[PDB]
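Structure at a glance
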Amino acid sequence: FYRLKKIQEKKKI
Amino acid sequence: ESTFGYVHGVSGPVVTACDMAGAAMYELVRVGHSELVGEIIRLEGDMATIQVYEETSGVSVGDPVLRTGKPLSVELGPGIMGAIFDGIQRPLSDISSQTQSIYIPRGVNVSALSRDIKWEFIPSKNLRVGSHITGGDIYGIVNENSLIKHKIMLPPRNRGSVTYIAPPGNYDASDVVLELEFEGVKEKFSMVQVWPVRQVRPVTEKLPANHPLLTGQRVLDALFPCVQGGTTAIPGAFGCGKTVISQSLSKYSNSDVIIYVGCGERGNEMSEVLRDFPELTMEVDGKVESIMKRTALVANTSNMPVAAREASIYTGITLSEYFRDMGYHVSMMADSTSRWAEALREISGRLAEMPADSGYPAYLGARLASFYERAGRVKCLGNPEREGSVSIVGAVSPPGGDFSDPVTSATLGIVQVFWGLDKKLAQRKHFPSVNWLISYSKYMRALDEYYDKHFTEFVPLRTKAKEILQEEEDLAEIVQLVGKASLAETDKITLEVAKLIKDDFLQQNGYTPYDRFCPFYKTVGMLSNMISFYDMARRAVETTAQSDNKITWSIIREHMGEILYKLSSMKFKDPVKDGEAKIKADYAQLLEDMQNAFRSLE
Amino acid sequence: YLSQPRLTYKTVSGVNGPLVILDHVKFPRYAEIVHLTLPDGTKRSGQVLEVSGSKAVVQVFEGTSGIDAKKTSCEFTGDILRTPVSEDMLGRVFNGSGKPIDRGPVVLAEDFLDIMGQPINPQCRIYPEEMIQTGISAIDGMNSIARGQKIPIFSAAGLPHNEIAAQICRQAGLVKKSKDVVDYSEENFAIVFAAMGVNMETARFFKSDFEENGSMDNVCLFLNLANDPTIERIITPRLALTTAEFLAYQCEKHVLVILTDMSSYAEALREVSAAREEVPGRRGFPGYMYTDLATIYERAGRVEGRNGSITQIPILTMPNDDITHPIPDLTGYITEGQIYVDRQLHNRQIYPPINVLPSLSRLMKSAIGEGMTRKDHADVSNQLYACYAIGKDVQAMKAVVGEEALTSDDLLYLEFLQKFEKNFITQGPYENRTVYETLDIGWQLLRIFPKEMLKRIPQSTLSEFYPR
Amino acid sequence: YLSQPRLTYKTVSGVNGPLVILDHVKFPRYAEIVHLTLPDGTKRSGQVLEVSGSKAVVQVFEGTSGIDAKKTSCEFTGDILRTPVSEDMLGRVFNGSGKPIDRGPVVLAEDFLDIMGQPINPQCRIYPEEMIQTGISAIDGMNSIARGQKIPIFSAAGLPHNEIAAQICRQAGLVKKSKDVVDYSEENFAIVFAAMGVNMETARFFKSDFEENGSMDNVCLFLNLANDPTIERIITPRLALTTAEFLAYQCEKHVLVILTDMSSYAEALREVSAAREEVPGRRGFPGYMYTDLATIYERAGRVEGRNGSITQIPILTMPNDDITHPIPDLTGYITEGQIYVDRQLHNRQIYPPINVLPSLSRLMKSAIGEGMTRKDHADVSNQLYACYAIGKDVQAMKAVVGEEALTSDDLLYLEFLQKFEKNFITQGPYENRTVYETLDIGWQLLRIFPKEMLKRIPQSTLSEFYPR
Amino acid sequence: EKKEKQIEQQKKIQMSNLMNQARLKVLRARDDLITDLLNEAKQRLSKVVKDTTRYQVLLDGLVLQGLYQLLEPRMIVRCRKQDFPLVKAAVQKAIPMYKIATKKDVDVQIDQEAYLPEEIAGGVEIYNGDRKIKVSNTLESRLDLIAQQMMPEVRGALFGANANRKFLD
């Protein structure tokens, strides 16, 4: 869950 | 509107192309100076994402991309039968002949069928110049081989009037066979029909299952029967006897076409099937003809790229549906769809699609259904009022051999018939290793009417067979602790009867003449005999326990050891070396012997 | 009301997965229905998922394939989805989207309503006050269903729950005939059935069976085969509930809605969430599954001042027979009561395989009573349950204690066990038992013992009923 | 062929972990090699991983360290990894990247081959049937290997899998020794051995054993010690397999491949993937592991019109002895079963500590029979497997209860298990057995029971070989 | 028992099938009736087109509505070829009122090459500068919209109130 969240956040840039 | 693009980017099998806005989803393109076939999978503005089918090594930035306005398609015409194909329908045999080489050159471009072989055409002889015709109408016949006469028909969604029909004679797919004139326009046609793979061919109407499917494994045939036009799935980490199942169904069935699609197969395994299946043969009308005449094969080894794995299953079922539309009965066998789902998971992961559970995209279930639900019995479009059907036998390789995985759960939730295979029984070598407890099939009730009209005896015998086997299972679950000390007389009869059912009539030896195939009537006879001796033994013990001088299993074994031996030896009544009359009379005479012996012990 | 001409756009800034992004749309709103027309002429519907300034996003219902950038029309409606409800829909058959499929005509709408429905005021709830009969003796006698109770039916893959559902459909009704049949002729009962996530064989079987029972004049039917678009899965229930609402509270009827395979609903909702890029919740299912199932289940009960009611009987399957799986857990929390089916009983060739030992109820105490039924119900139920539990555990005892050490009363308990499983539970697909027949069979099974063993029955009713 | 001069750049947009990003590249080519000239004067190498517009990316085989943002140069070759190959490779030792380490000269190129490997038309594959004798009665006789097979050996930390491998390469041969001595003598095996992530002790041990046997003339090595750069593991097996294909289909020699410590290979893939921030898979591994392992393992088999063959035998270690770990799962799924060096047998000083029960060998079923090995092979194997399974079942039931409820037959089965672990499995570091002797031992073990209790073996074989 | 069960159940299936078919015929007749009404309304409007004096007012209103709808810097209007003189006066009237109503200035044009199909009853269509956004406002579309929006009232008038409708909401 967390690592997917971090991908999601990274994709915002 | 342009015709050339460029390769902006590359990353693994997924590239990005620029300068193309006159394109849409899921068309074909050609990539690089090797002309690799790719498909559009996403769009954004002017740019797009392509998935290339072959290896991508060495493709540079700035290569051309030649678009083509056509989605993925599968050619369909004479010669399709008796051949081997890859995921995109590319004849491997023709390649090996052409190159005379050992490898697959990158970007070979050869027509899927032949273009230089002449067949013998015979028009339908019922349509003259000016007659109206709609789609799906048969208008000719071509002799594919001794066993199958490949029917020719117009594609759906097409109609007009007749203009010209070639007389019967030698023609080939290059020239024009038919000529038609629609109201306002005119068009010509040839033997070859091209069809989009991810599209369901139309039908007139769908019908209920109405006749069982013949097989050689009495397991799952009297226990969990599968019906003509039916759906099921063979789980198991590997094809544990699965190849034998397809082989036997070919050797013994009312089917007409046999499409085995391999996917993620091991190299030596497909080497096995390609070596052995073509040399298998079968008498049809007293003449031995190879099974290749009624078989098509779509190989795809494990080293094949991802998109080919995705495409193989769809092209296979398109072929099957077309043959079903031809007015035949069809049977297909998938192979290792779990790796297909894994391949889909990968290609989803590369595209940055948010996974759901264990990495599997959520929409896998929808795709999974979109595959299996194509099966069923139908009335077909066209004047001839022909009839056909198609029955798919899946293949699930569960990770860990259980129901935890999403794929096995999802396929379990939509398949009509489940054929769970025990791991422990697979370790016991009482093959076939069918659980008989975690399995089911929703075709009992329909087949009840069938088995009443023809046999009038099978249903109660079968139900009692399940009850006795299950009571044995429950008593097994009970006796584990007390060490069988509390086995009473009735418990002993039940235990022995179901143990005999296990040993003699729930396992076959596929390498022997008396076991490779058991028909329906033979199964019914053996089951009738089982229920017979159970009934008589229970009646005798009950009557004697109520009245006087109770009868226990010891006197039963003593007096009728011959009857029980004969009952175990029914298994060896070789139909290969003996006729039906002898074996049926044997079953009846052993039943009468059992009757006489029980009368003697009464 | 609405009088403006509709817009249409030829703008496509991109496509991805089951979504289509465009822009330059004037004053878009959320949940607006959108039509589409492809180059080849096909027509497809859709809905608006995202809206941000002049950017818009639309999830195409029928599935995205072959949508060009420049040659694509996209008409807008400017209204949220609205159902054409109408009393005359009974006797019809529809698909998920509401398009008829029985060769019939488009519904001449009697009124338009919001698909989502509106929450019902807790102030205007009315407690249930009377039972119903489903046609199953095992269910009515042992586990009453009130008017407005929400009783699910847990099953698993490989069981004949669908046959039970069809049986319930073709025999559901009322028992007001206690006093007289003349006053019973005033019947105002109907059934709405929502088959969803169903394979083809079962869909055909349902259609055929419903047509065979001859009572299609009061049955609405909604079908959503597993082929149809996955989003239509989560729109079928809303249509069914809106219809049930309109019939219940605008025609003062007594409707019984039966939902099928809520696991498929959960899976479709999961797929919608994952496509919508939202963060996953527990077990991969979204967090607000509780709220969603709440807004589906909570549309029922009774309304003060309206002569009508809505009763819910959802069905669902438990993956791996796991009782702690989230779907059954949340379903149990929101709803009242539960009914089980057990693998072993089906595996004993007993139909319907209804396992009453773990089956409960929540409103049985108040659903039944003098007047609406006989005075001899609750005690009979308690006695049957107690006798059966004694019999089963006693069979477990005799399994090792040996049948020789058993008392004669022990044989009576075994006799009760075998007869109860032979006659009370087993009914057969068409044996339409009423409540009164069910209690008759219950008393007959109780007659085996003397009233002295029957220690849950009051002596006052013993002097009346036991010596029959 | 290319004749143009190469390019060189100095624009380093950055470096991130083991990667380097360049800018202002004219027409980058996917997966081309580059050379990095550092300020101090040494040289390194890398491979292009992804390209996009003018940007490029590259991974350094030798590890990034001391790279300056300005003074570094990066030369592009404009060609994927073409490696030289020749028959002269034999009797040599090379490092991970191909540069020699036995003080010898650089490679001389008889031919250049593509590292990736053009796959073979699966039509033109021959199905193997011939047998490879190894002398280990645990493998031979129960899960016997055949030429052309792909059989792994799973093991774990603490077990002597390496010595077992060294013994396996020691005594390779065929089973058809019955013909003239000249007929059996001409057959010999080239050897290819590729260590990935091993310490010095394993390397020196394998070298020493290969010198001792004197077979160094037909042995080629690729050592990659644990202190070497990590990234070059992803190419090490590929070089070995390319050389193997050359020796198979260009020199017509039968060769045996051995790859070791594939766990480290998976680790290297994990590292490169986590560097690129790709969307990951189970346990942190990339989702595409199965595809890559398929590319690595399917380089084996025989070819119509040829005579050479590839017989591949990888090994790997088991994290925490968990069979369901993704690496061994995928290895079982791609390849053809398992040998399963078991830990508990090693805990009882058993060598080779192999549990026959989980060992699987698909091709063994048709690689045996009259003429090939003997008419009397299969039933012995199947029966012995069944007896072992039942014996372990008896041991479990004894653990549950004990001797009090058991009987004579359980004591017999436990005695059978004891003598089977004494006589069949345990061999010794040099014990060279023959297949016929192995079947003799199998029958001597089978004689412990009566002929009647056996079910798998037909009476036909017992009438000829049971009595003695 | 088996025989009587079989024959009675069969008789029930045919009886039920007949009842279903009959009700379906009733509903089909209803649908053909309402569609005929819609066609007649279409014919009536087609006939009422010909009175030019009110047709000018109607065209004026339609054009103004569409201008309000689109609201873009560049605009194009398309009509039947024989309707050019009327639409020209319509836009001549329409521009200033819109300008003062939105506090902006727009550029409005009319093509002289493309025309609507003659089979259309009448009306206008509108496009933006790039011809990417259009708002078709013909009498056919507006007829369809109004009829669909109003069908409940049409039923209420043409078949009486529902027997069992006890409330309105």
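Residues numbered from 1 in each chain as written, not as in the entry; some residues may be left out. Chains lettered and ligands numbered in written order. Part of a larger assembly, values for the part shown. Heavy atoms only, no water.

1. Some details on the pattern of salt bridges
- Under the criterion given, the structure shown has 73 salt bridges over all chains.
- Its salt-bridge partner being D:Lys419, residue D:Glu415 comes within 3.2 Å of it at the nearest N-O pair. Here D:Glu415 pairs with D:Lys419, and both are found in helix 11 (residues 408–425), just four residues apart, close to one helical turn.
- Linked through salt bridges whose partners overlap, the residues forming this network are B:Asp535, B:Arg538, B:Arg539 and B:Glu542. (Salt bridge = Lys/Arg side-chain N within 4 Å of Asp/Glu carboxyl O. Helix = DSSP H or I, 4+ residues; strand = E, 2+ residues; numbered from the N terminus.)

2. Points about a negative patch on the surface
- On the surface, D:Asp180, D:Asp183, D:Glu186 and D:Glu187 cluster together to form a negatively charged patch.
- Looking at the secondary structure, you find D:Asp183 in helix 2 (residues 181–185). (Patch = residues over 30% accessible without salt bridge, like charges linked within 9 Å, V, L, I, M, F, W, Y side chains within 5 Å. Areas by Shrake-Rupley, 256 points an atom, 1.4 Å probe, with all protein chains shown as cover. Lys, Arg positive; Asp, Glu negative; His and termini not counted. Charge placed at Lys NZ, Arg CZ, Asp CG, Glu CD.)

3. As for helix 5 (residues 236–251) of chain C
All names here are of chain C.
- Over its 16 residues, helix 5 extends 22 Å from the first C-alpha to the last, a length consistent with the 22 Å expected when each residue adds 1.5 Å.
- Of all 16 residues that make up helix 5, 15 are buried, and the element is covered over most of its length.
- Immediately beyond the C-terminal end of helix 5, within one or two residues, lies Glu252, with a positive phi of roughly 60°. (Expected span 1.5 Å × (residues − 1). Buried < 20%, exposed > 50% of the residue type's maximum accessible area, 1.4 Å probe, protein only.)

4. Overview of the UniProt feature "binding site: ATP" in chain B
Residues and elements named next belong to chain B.
- In the UniProt entry, the feature "binding site: ATP" is given for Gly236, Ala237, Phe238, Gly239, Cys240, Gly241, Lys242 and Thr243.
- Looking at the element boundaries, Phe238 is found in the loop between strand 19 (231–234) and helix 2 (242–251).
- On the accessibility criterion, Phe238 (34% relative accessible area) is partly exposed.
- Among the structural elements, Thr243 can be located in helix 2.
- In this structure, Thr243 is in contact with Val273 and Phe277, ignoring residues within four places of it in sequence. (UniProt positions renumbered as here; feature names shortened; annotations may be inferred. Contact = heavy atoms within 4.5 Å.)

5. Notes on the pairing of strand 17 (residues 255–260) of chain D
All names here are of chain D.
- Within strand 17, six of the six residues are buried, which leaves the element mostly enclosed by the surrounding structure.
- Burial along strand 17 is two-sided: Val255, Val257 and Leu259 and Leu256, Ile258 and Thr260, pointing in opposite directions, are all buried.
- Pairing of strand 15 (residues 190–195) with strand 17 involves six bridges; the strand directions are parallel. Bridge pairing in strand 17 links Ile191 to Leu256.
- Pairing between strand 17 and strand 19 (residues 310–312): three bridges, direction parallel. Within strand 19, the residue paired with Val255 across the bridge is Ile310. (Pairing = 2+ DSSP bridges.)

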